[PDB]
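Chemist: Hey, dropping work.txt in here, compact mmCIF, C-alpha atoms:
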```txt
# COMPACT_ATOMS: atom_id res chain seq x y z
CA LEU A 2 127.99 81.13 107.12
CA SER A 3 126.52 80.26 103.72
CA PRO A 4 122.72 80.15 103.63
CA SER A 5 121.06 78.57 100.61
CA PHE A 6 117.72 79.95 99.44
CA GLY A 7 115.18 78.67 96.93
CA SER A 8 113.60 80.20 93.88
CA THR A 9 110.39 82.23 94.07
CA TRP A 10 107.64 80.98 91.80
CA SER A 11 104.14 81.96 90.67
CA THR A 12 101.76 80.59 88.04
CA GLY A 13 98.60 82.64 88.55
CA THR A 14 98.07 86.34 89.04
CA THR A 15 100.08 88.23 91.67
CA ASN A 16 98.69 91.65 92.56
CA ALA A 17 101.47 93.02 94.77
CA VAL A 18 99.89 96.44 95.11
CA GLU A 19 101.65 98.49 97.75
CA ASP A 20 104.64 96.99 99.54
CA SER A 21 108.42 96.92 99.99
CA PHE A 22 110.90 94.12 99.25
CA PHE A 23 114.48 93.53 100.39
CA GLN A 24 116.98 90.81 99.51
CA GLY A 25 120.62 90.10 100.30
CA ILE A 26 122.93 91.29 103.03
CA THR A 27 121.24 94.39 104.47
CA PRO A 28 122.86 95.49 107.73
CA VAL A 29 120.93 98.25 109.49
CA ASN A 30 122.17 100.63 112.17
CA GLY A 31 120.04 103.76 111.75
CA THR A 32 116.26 103.91 111.92
CA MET A 33 113.59 102.33 109.72
CA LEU A 34 109.96 103.37 110.11
CA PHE A 35 106.88 101.68 108.61
CA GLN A 36 103.47 103.21 109.33
CA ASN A 37 100.20 102.55 107.51
CA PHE A 38 96.86 104.32 107.96
CA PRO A 39 94.36 104.44 105.10
CA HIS A 40 91.19 105.99 106.47
CA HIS A 41 88.38 105.71 103.91
CA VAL A 42 88.57 102.38 102.06
CA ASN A 43 86.09 99.59 101.27
CA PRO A 44 88.06 96.57 100.04
CA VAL A 45 86.68 93.29 98.77
CA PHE A 46 88.56 89.98 98.61
CA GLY A 47 87.55 86.78 96.85
CA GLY A 48 87.28 83.19 98.01
CA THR A 49 87.95 79.96 96.15
CA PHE A 50 86.06 76.90 94.93
CA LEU B 2 129.84 84.74 104.02
CA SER B 3 128.52 83.74 100.59
CA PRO B 4 124.73 83.45 100.40
CA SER B 5 123.23 81.75 97.36
CA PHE B 6 119.87 82.95 96.06
CA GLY B 7 117.47 81.51 93.51
CA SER B 8 115.91 82.91 90.38
CA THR B 9 112.60 84.79 90.44
CA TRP B 10 109.99 83.37 88.12
CA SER B 11 106.48 84.16 86.87
CA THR B 12 104.24 82.64 84.20
CA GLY B 13 100.98 84.55 84.57
CA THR B 14 100.27 88.23 84.98
CA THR B 15 102.10 90.25 87.63
CA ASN B 16 100.53 93.62 88.41
CA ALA B 17 103.19 95.16 90.67
CA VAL B 18 101.43 98.51 90.90
CA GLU B 19 103.02 100.69 93.56
CA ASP B 20 106.02 99.36 95.46
CA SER B 21 109.78 99.47 96.02
CA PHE B 22 112.41 96.78 95.41
CA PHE B 23 115.98 96.38 96.66
CA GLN B 24 118.63 93.76 95.91
CA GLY B 25 122.27 93.23 96.82
CA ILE B 26 124.45 94.58 99.59
CA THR B 27 122.56 97.62 100.91
CA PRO B 28 124.04 98.86 104.21
CA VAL B 29 121.93 101.55 105.85
CA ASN B 30 122.98 104.04 108.52
CA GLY B 31 120.72 107.06 107.98
CA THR B 32 116.94 107.03 108.03
CA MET B 33 114.41 105.29 105.79
CA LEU B 34 110.72 106.17 106.05
CA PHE B 35 107.77 104.31 104.50
CA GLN B 36 104.28 105.69 105.08
CA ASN B 37 101.10 104.84 103.19
CA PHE B 38 97.66 106.46 103.50
CA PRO B 39 95.24 106.43 100.58
CA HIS B 40 91.97 107.84 101.82
CA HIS B 41 89.26 107.39 99.18
CA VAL B 42 89.65 104.04 97.41
CA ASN B 43 87.33 101.13 96.60
CA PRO B 44 89.47 98.18 95.49
CA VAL B 45 88.28 94.81 94.23
CA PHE B 46 90.31 91.59 94.20
CA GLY B 47 89.51 88.32 92.47
CA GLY B 48 89.37 84.74 93.69
CA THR B 49 90.24 81.51 91.91
CA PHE B 50 88.53 78.35 90.69
CA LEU C 2 131.76 88.52 100.93
CA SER C 3 130.58 87.38 97.49
CA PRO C 4 126.82 86.88 97.20
CA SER C 5 125.51 85.03 94.17
CA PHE C 6 122.12 86.02 92.75
CA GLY C 7 119.87 84.39 90.17
CA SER C 8 118.33 85.64 86.97
CA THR C 9 114.94 87.34 86.89
CA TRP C 10 112.46 85.73 84.53
CA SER C 11 108.96 86.31 83.17
CA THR C 12 106.88 84.61 80.47
CA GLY C 13 103.51 86.35 80.72
CA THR C 14 102.60 90.00 81.01
CA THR C 15 104.25 92.18 83.66
CA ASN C 16 102.48 95.48 84.31
CA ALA C 17 104.98 97.20 86.61
CA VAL C 18 103.05 100.46 86.71
CA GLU C 19 104.45 102.78 89.35
CA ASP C 20 107.46 101.66 91.37
CA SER C 21 111.19 101.98 92.02
CA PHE C 22 113.97 99.41 91.55
CA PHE C 23 117.52 99.23 92.91
CA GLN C 24 120.32 96.75 92.30
CA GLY C 25 123.96 96.43 93.32
CA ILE C 26 125.98 97.95 96.11
CA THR C 27 123.91 100.92 97.31
CA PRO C 28 125.22 102.31 100.61
CA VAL C 29 122.93 104.93 102.13
CA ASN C 30 123.77 107.53 104.77
CA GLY C 31 121.37 110.41 104.09
CA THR C 32 117.60 110.18 104.04
CA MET C 33 115.23 108.26 101.78
CA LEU C 34 111.49 108.95 101.91
CA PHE C 35 108.69 106.90 100.33
CA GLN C 36 105.11 108.10 100.78
CA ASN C 37 102.04 107.05 98.83
CA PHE C 38 98.51 108.49 99.01
CA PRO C 39 96.19 108.26 96.01
CA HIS C 40 92.80 109.53 97.13
CA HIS C 41 90.20 108.87 94.44
CA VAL C 42 90.82 105.51 92.75
CA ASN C 43 88.67 102.46 91.95
CA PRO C 44 91.00 99.60 90.97
CA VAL C 45 90.02 96.15 89.77
CA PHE C 46 92.22 93.04 89.87
CA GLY C 47 91.64 89.69 88.20
CA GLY C 48 91.65 86.14 89.50
CA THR C 49 92.74 82.92 87.83
CA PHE C 50 91.24 79.65 86.64
CA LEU D 2 133.31 92.04 97.77
CA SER D 3 132.29 90.81 94.31
CA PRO D 4 128.56 90.16 93.91
CA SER D 5 127.42 88.21 90.87
CA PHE D 6 124.05 89.05 89.33
CA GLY D 7 121.94 87.30 86.71
CA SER D 8 120.45 88.45 83.44
CA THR D 9 117.00 90.01 83.24
CA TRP D 10 114.66 88.27 80.83
CA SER D 11 111.19 88.69 79.34
CA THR D 12 109.26 86.87 76.61
CA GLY D 13 105.82 88.48 76.73
CA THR D 14 104.75 92.09 76.95
CA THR D 15 106.23 94.37 79.61
CA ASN D 16 104.31 97.60 80.17
CA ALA D 17 106.67 99.46 82.51
CA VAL D 18 104.61 102.63 82.51
CA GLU D 19 105.83 105.04 85.16
CA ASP D 20 108.82 104.07 87.28
CA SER D 21 112.51 104.54 88.05
CA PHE D 22 115.41 102.09 87.70
CA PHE D 23 118.92 102.07 89.17
CA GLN D 24 121.83 99.69 88.68
CA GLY D 25 125.44 99.53 89.81
CA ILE D 26 127.32 101.17 92.65
CA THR D 27 125.09 104.07 93.74
CA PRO D 28 126.25 105.55 97.06
CA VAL D 29 123.81 108.09 98.47
CA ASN D 30 124.46 110.75 101.10
CA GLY D 31 121.96 113.53 100.31
CA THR D 32 118.20 113.15 100.15
CA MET D 33 115.99 111.10 97.84
CA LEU D 34 112.22 111.64 97.85
CA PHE D 35 109.56 109.47 96.21
CA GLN D 36 105.92 110.53 96.54
CA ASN D 37 102.95 109.33 94.50
CA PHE D 38 99.37 110.63 94.55
CA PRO D 39 97.15 110.26 91.49
CA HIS D 40 93.69 111.41 92.49
CA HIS D 41 91.20 110.62 89.72
CA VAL D 42 92.00 107.26 88.11
CA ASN D 43 90.00 104.11 87.28
CA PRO D 44 92.48 101.34 86.41
CA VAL D 45 91.67 97.84 85.23
CA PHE D 46 93.99 94.82 85.44
CA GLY D 47 93.59 91.44 83.79
CA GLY D 48 93.70 87.90 85.15
CA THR D 49 94.97 84.71 83.55
CA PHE D 50 93.64 81.36 82.36
CA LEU E 2 134.93 95.71 94.62
CA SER E 3 134.07 94.37 91.16
CA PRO E 4 130.39 93.54 90.66
CA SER E 5 129.43 91.49 87.62
CA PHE E 6 126.07 92.15 85.97
CA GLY E 7 124.13 90.26 83.33
CA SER E 8 122.68 91.27 80.00
CA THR E 9 119.17 92.67 79.66
CA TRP E 10 116.99 90.79 77.22
CA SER E 11 113.54 91.02 75.63
CA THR E 12 111.78 89.06 72.88
CA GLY E 13 108.27 90.51 72.86
CA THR E 14 107.03 94.07 72.98
CA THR E 15 108.33 96.46 75.64
CA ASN E 16 106.25 99.62 76.07
CA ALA E 17 108.45 101.62 78.45
CA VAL E 18 106.25 104.69 78.33
CA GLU E 19 107.28 107.21 80.97
CA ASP E 20 110.24 106.41 83.20
CA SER E 21 113.88 107.07 84.06
CA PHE E 22 116.90 104.74 83.84
CA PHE E 23 120.36 104.91 85.41
CA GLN E 24 123.39 102.66 85.05
CA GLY E 25 126.97 102.69 86.29
CA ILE E 26 128.68 104.46 89.15
CA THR E 27 126.29 107.27 90.12
CA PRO E 28 127.28 108.86 93.45
CA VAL E 29 124.69 111.32 94.74
CA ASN E 30 125.14 114.05 97.33
CA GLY E 31 122.55 116.70 96.41
CA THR E 32 118.82 116.14 96.15
CA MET E 33 116.76 113.96 93.82
CA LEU E 34 112.98 114.32 93.71
CA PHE E 35 110.47 112.00 92.03
CA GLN E 36 106.78 112.90 92.23
CA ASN E 37 103.93 111.52 90.14
CA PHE E 38 100.29 112.66 90.06
CA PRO E 39 98.18 112.14 86.94
CA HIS E 40 94.64 113.14 87.82
CA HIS E 41 92.27 112.18 84.99
CA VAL E 42 93.28 108.84 83.47
CA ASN E 43 91.45 105.59 82.65
CA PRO E 44 94.07 102.92 81.90
CA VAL E 45 93.46 99.36 80.76
CA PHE E 46 95.91 96.46 81.10
CA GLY E 47 95.72 93.03 79.51
CA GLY E 48 95.95 89.53 80.93
CA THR E 49 97.41 86.37 79.44
CA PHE E 50 96.27 82.94 78.27
```
Translate the structure described by the file into structure tokens.
Modeler:
Amino acid sequence: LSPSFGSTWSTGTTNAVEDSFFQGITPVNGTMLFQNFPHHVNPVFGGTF
Amino acid sequence: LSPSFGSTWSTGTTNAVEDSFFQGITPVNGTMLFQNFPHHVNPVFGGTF
Amino acid sequence: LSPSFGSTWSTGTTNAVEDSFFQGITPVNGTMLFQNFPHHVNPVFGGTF
Amino acid sequence: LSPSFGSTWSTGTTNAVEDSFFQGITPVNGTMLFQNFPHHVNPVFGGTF
Amino acid sequence: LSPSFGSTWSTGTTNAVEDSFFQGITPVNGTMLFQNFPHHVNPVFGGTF
């Protein structure tokens, strides 16, 4: 087994605020927990032309 | 097993504010916990032209 | 096992404010905890042209 | 096992304000805790052209 | 096990204000704690052209 991946690219802004990244061989046997609950937030997101 | 990865690239701004990165062989057997709960926040995000 | 990674590159600004990086063989058997909760914040993020 | 990594590169500014870096073989068996909670902050982030 | 790393490079400014670096074999068995909470701060960050 020999997977081939591609490069990751970006030209404009990239606002990766609050997240988690992994890469490469990552065997898991224990426990991994991901829970998310903000409870007073008023976001705004923009469109495009 | 011999995975091949690509380079990571960016030309514009990259505002990686609050996050966690991993790379390479990272076996896990214990516990990993990720929990997120901001509770008074008013974000704004921009669009494109 | 012999993974091959690529270089990490950046030309513009890179505002890595508040985060954690790992690289290389990092076996884990204990506990790792990541929790995030700012509670009075008014961010702004910019778009592109 | 013999992973091969690439160089880390930057041409423009790099404002790594408040963070933690690791590199190389870093086995962990105890506990590692990461918690973040600023509670009166008004950031601004810039876009690109 | 014989990982091979690359050089770390920078041409422009590098304002590494408030952070912690590690390199090389760093086994950990006790406890490591990282907590961050500034509570009256008004940062500004710049974009690119």
Chemist: Between atom CA of residue C:26 and atom CA of residue E:2, measure the distance and give it in Å to one decimal.
Modeler: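 Separation between atom CA of residue C:26 and atom CA of residue E:2: 9.3 Å.
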Chemist: Fewer than 6 positions away in the same chain doesn't count, so skip those; otherwise give me all residues within 12 Å of stretch 29-36 of chain D, counting only C-alpha atoms, as a PyMOL selection string.
Modeler: (chain B and resi 19-21+27-38) or (chain C and resi 19-22+26-39) or (chain D and resi 20-21) or (chain E and resi 26-38)
Chemist: Here is a test: counting all atoms listed in the file, which residue of E:25, E:43, E:17, E:48 is nearest to residue E:4?
Modeler: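 Ranked by minimum distance to residue E:4, first place goes to E:25.
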Chemist: Give me, please, the distance in Å between atom CA of residue A:11 and atom CA of residue E:24, quoted to one decimal.
Modeler: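 Distance between the two atoms: 28.8 Å.
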Chemist: Figure out the distance between atom CA of residue B:46 and atom CA of residue A:47, please, to one decimal in Å.
Modeler: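 Here the two named atoms are 6.1 Å from each other.
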Chemist: Could you work out which residues of chain B fall inside 10 Å of chain E? Count only C-alpha atoms, and format the result as a PyMOL selection string.
Modeler: chain B and resi 12-16
Chemist: Using all atoms listed in the file, which protein or nucleic acid residues come within 12 Å of residue B:7? Drop anything in the same chain fewer than 3 positions from it, and give the result as a list in words.
Modeler: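 My reading of the contact set: residues 4, 5, 6, 7, 8, 9, 10, 24 and 25 of chain A; 4 and 10 of chain B; 4, 5, 6, 7, 8, 9 and 10 of chain C; 6 and 7 of chain D.
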Chemist: Around the point (86.2, 99.9, 96.4) in the file's coordinates, collect all residues with an atom within 8 Å, using only C-alpha atoms, and return them as a PDB file with C-alpha atoms, keeping the file's coordinate frame.
Modeler:
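To be explicit, this is the file written out as result_34.pdb:
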```pdb
ATOM      1  CA  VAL A  42      88.570 102.380 102.060  1.00  0.00           C
ATOM      2  CA  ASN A  43      86.090  99.590 101.270  1.00  0.00           C
ATOM      3  CA  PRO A  44      88.060  96.570 100.040  1.00  0.00           C
ATOM      4  CA  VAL A  45      86.680  93.290  98.770  1.00  0.00           C
TER       5      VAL A  45
ATOM      6  CA  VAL B  42      89.650 104.040  97.410  1.00  0.00           C
ATOM      7  CA  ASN B  43      87.330 101.130  96.600  1.00  0.00           C
ATOM      8  CA  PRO B  44      89.470  98.180  95.490  1.00  0.00           C
ATOM      9  CA  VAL B  45      88.280  94.810  94.230  1.00  0.00           C
TER      10      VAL B  45
ATOM     11  CA  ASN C  43      88.670 102.460  91.950  1.00  0.00           C
ATOM     12  CA  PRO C  44      91.000  99.600  90.970  1.00  0.00           C
TER      13      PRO C  44
END
```
Chemist: Mind listing whatever residues come within 6 Å of the point (90.6, 108.2, 99.4)? Use only C-alpha atoms, file coordinates, and give them as an mmCIF file with C-alpha atoms, keeping the file's coordinate frame.
Modeler:
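Writing done, so here's part36.cif:
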```
data_model
loop_
_atom_site.group_PDB
_atom_site.id
_atom_site.type_symbol
_atom_site.label_atom_id
_atom_site.label_comp_id
_atom_site.auth_asym_id
_atom_site.auth_seq_id
_atom_site.Cartn_x
_atom_site.Cartn_y
_atom_site.Cartn_z
ATOM 1 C CA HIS A 41 88.380 105.710 103.910
ATOM 2 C CA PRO B 39 95.240 106.430 100.580
ATOM 3 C CA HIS B 40 91.970 107.840 101.820
ATOM 4 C CA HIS B 41 89.260 107.390 99.180
ATOM 5 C CA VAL B 42 89.650 104.040 97.410
ATOM 6 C CA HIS C 40 92.800 109.530 97.130
ATOM 7 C CA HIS C 41 90.200 108.870 94.440
#
```
